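Written out below as structure tokens is the structure these notes cover.
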Amino acid sequence: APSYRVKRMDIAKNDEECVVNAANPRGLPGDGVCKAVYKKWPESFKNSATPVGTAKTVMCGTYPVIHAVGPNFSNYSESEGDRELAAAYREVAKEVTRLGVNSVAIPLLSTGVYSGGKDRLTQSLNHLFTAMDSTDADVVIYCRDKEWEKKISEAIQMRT
Ligand SMILES: CC1=NC(=O)N=C(C(=O)O)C1
């Protein structure tokens, strides 16, 4: 039965059948999760540009990298950002289904440099749940912060 799990570690060392990059719409290497991903899978950045609110898969050998572009909340209104954040996750679910993978390593989109300085753990995680609930893949969420690890775990546990 497919599960949700959380791991506090570098997403570039995931043990899943594909990864989601928290990407920018320019397809450029960038900072944080995107930097790790670039160093691990540089060939997945060939023609990886995709607009805000979308996701695009680029293969690195046979390993799929799903570049998903959450909104930068600095730029977006709360209502328009929320729409785009939801859309990005929906496109992730679609790519995951099309690939036929049994598992996916995913970050919380729009929670770091794109958070607009707000805590958006709950907002982002709930959009992730809504989209990925219709898939049969194991989902592993990767975070860096110990407190976030606990709150994500609690949110996972409380739906069971
Ligand atoms: C480049 C980024 N894209 C994204 O979806 N979320 C980000 C974040 O703030 O975690 C950064």
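Labels for the structure tokens follow display order: chains A, B, ..., residues from 1 in each chain, ligands from 1.
Excluding region 2-9 of chain A and any residue on its chain fewer than 6 positions from it, the residues at most 7 Å away by only C-alpha atoms are residues 136, 137, 138, 139, 140, 141, 142, 143, 144, 145, 146, 149, 152, 153 and 156 of chain A.
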Residues near region 61-78 of chain A, cut-off 9 Å, only C-alpha atoms, skip fewer than 5 positions along chain, as number ranges by chain
A: 17-25, 27, 37, 41, 43-45, 48-56, 83-89, 91-92, 95-96, 99, 109-110, 113-118
Kindly save the residues from that selection, with C-alpha atoms included, as a PDB file, in the first residue's frame.
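Contents of selection.pdb, freshly written:
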ATOM      1  CA  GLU A  17      12.723   5.953  -8.528  1.00  0.00           C
ATOM      2  CA  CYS A  18      12.525   9.657  -9.429  1.00  0.00           C
ATOM      3  CA  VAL A  19      13.078  13.140  -7.937  1.00  0.00           C
ATOM      4  CA  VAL A  20      11.208  16.434  -8.019  1.00  0.00           C
ATOM      5  CA  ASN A  21      13.433  19.521  -8.377  1.00  0.00           C
ATOM      6  CA  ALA A  22      12.150  22.760  -6.868  1.00  0.00           C
ATOM      7  CA  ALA A  23      12.995  24.636 -10.065  1.00  0.00           C
ATOM      8  CA  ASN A  24      12.920  28.156 -11.448  1.00  0.00           C
ATOM      9  CA  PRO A  25      11.046  28.929 -14.704  1.00  0.00           C
ATOM     10  CA  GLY A  27      15.627  26.188 -16.221  1.00  0.00           C
ATOM     11  CA  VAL A  37      20.019  18.530  -7.911  1.00  0.00           C
ATOM     12  CA  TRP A  41      21.891  15.345 -12.308  1.00  0.00           C
ATOM     13  CA  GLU A  43      22.178  16.584 -17.721  1.00  0.00           C
ATOM     14  CA  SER A  44      18.525  16.916 -16.506  1.00  0.00           C
ATOM     15  CA  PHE A  45      18.851  20.697 -16.895  1.00  0.00           C
ATOM     16  CA  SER A  48      14.298  22.121 -18.358  1.00  0.00           C
ATOM     17  CA  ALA A  49      12.669  25.570 -18.416  1.00  0.00           C
ATOM     18  CA  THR A  50       8.956  25.344 -17.580  1.00  0.00           C
ATOM     19  CA  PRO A  51       6.576  28.153 -16.480  1.00  0.00           C
ATOM     20  CA  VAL A  52       5.487  28.886 -12.926  1.00  0.00           C
ATOM     21  CA  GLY A  53       2.759  26.420 -11.881  1.00  0.00           C
ATOM     22  CA  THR A  54       3.956  23.635 -14.196  1.00  0.00           C
ATOM     23  CA  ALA A  55       6.305  20.635 -14.146  1.00  0.00           C
ATOM     24  CA  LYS A  56       8.462  19.107 -16.843  1.00  0.00           C
ATOM     25  CA  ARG A  83      -3.513  28.696  -7.307  1.00  0.00           C
ATOM     26  CA  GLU A  84       0.018  28.279  -8.894  1.00  0.00           C
ATOM     27  CA  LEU A  85       1.326  26.222  -5.988  1.00  0.00           C
ATOM     28  CA  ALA A  86      -1.652  23.854  -6.300  1.00  0.00           C
ATOM     29  CA  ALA A  87      -1.178  23.639 -10.085  1.00  0.00           C
ATOM     30  CA  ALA A  88       2.547  22.749  -9.780  1.00  0.00           C
ATOM     31  CA  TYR A  89       1.787  19.797  -7.561  1.00  0.00           C
ATOM     32  CA  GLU A  91       1.550  18.609 -12.718  1.00  0.00           C
ATOM     33  CA  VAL A  92       3.949  16.611 -10.534  1.00  0.00           C
ATOM     34  CA  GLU A  95       4.381  13.296 -14.487  1.00  0.00           C
ATOM     35  CA  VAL A  96       4.654  10.674 -11.755  1.00  0.00           C
ATOM     36  CA  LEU A  99       6.415   7.710 -15.786  1.00  0.00           C
ATOM     37  CA  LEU A 109       7.612  23.760  -3.065  1.00  0.00           C
ATOM     38  CA  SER A 110       7.542  27.506  -2.322  1.00  0.00           C
ATOM     39  CA  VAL A 113      13.570  31.352  -1.172  1.00  0.00           C
ATOM     40  CA  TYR A 114      10.107  31.499  -2.808  1.00  0.00           C
ATOM     41  CA  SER A 115       8.138  31.606   0.538  1.00  0.00           C
ATOM     42  CA  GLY A 116       7.755  35.434   0.545  1.00  0.00           C
ATOM     43  CA  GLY A 117       9.195  35.215   4.101  1.00  0.00           C
ATOM     44  CA  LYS A 118       6.150  33.278   5.372  1.00  0.00           C
TER      45      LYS A 118
END
Using only C-alpha atoms, determine which residues lie at most 9 Å from residue 42 (chain A), disregarding the query and same-chain residues fewer than 4 positions distant; provide the list as number ranges by chain.
A: 29, 37-38, 46, 60
Just asking: which residues within region 24-147 of chain A are alpha helix (DSSP H) according to DSSP, as JSON, numbers by chain?
{"A": [33, 34, 35, 36, 37, 38, 39, 40, 78, 79, 80, 81, 82, 83, 84, 85, 86, 87, 88, 89, 90, 91, 92, 93, 94, 95, 96, 97, 98, 99, 121, 122, 123, 124, 125, 126, 127, 128, 129, 130, 131, 132, 146, 147]}
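Closest approach to ligand 1 among A:111, A:135, A:124, A:130 is made by A:111 (distances from only C-alpha atoms and all ligand atoms).
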Would you please work out which residue, of A:134, A:123, A:14, A:157, is nearest to residue 82 (chain A) when using only C-alpha atoms?
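Looking at the shortest contact to residue 82 (chain A), the residue is A:123.
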According to DSSP computed on the backbone, where in chain A is there strand (DSSP E or B)? Give the residues as a VMD selection string.
chain A and resid 4 to 8 19 to 22 55 to 60 63 to 68 103 to 107 138 to 143
Mind giving me the straight-line distance from CA of residue 58 (chain A) to CA of residue 126 (chain A) in Å, one decimal?
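Between CA of residue 58 (chain A) and CA of residue 126 (chain A) the gap is 25.7 Å.
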Option closest in space to ligand 1, from A:112, A:105, A:80, A:1 [counting only C-alpha atoms and all ligand atoms]:
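Nearest candidate to ligand 1 out of A:112, A:105, A:80, A:1: A:112.
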Report the distance between CA of residue 104 (chain A) and atom 3 (N, counted along the ligand's line) of ligand 1 in Å, rounded to one decimal place.
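Value for the CA of residue 104 (chain A)-atom 3 (N, counted along the ligand's line) of ligand 1 distance: 17.1 Å.
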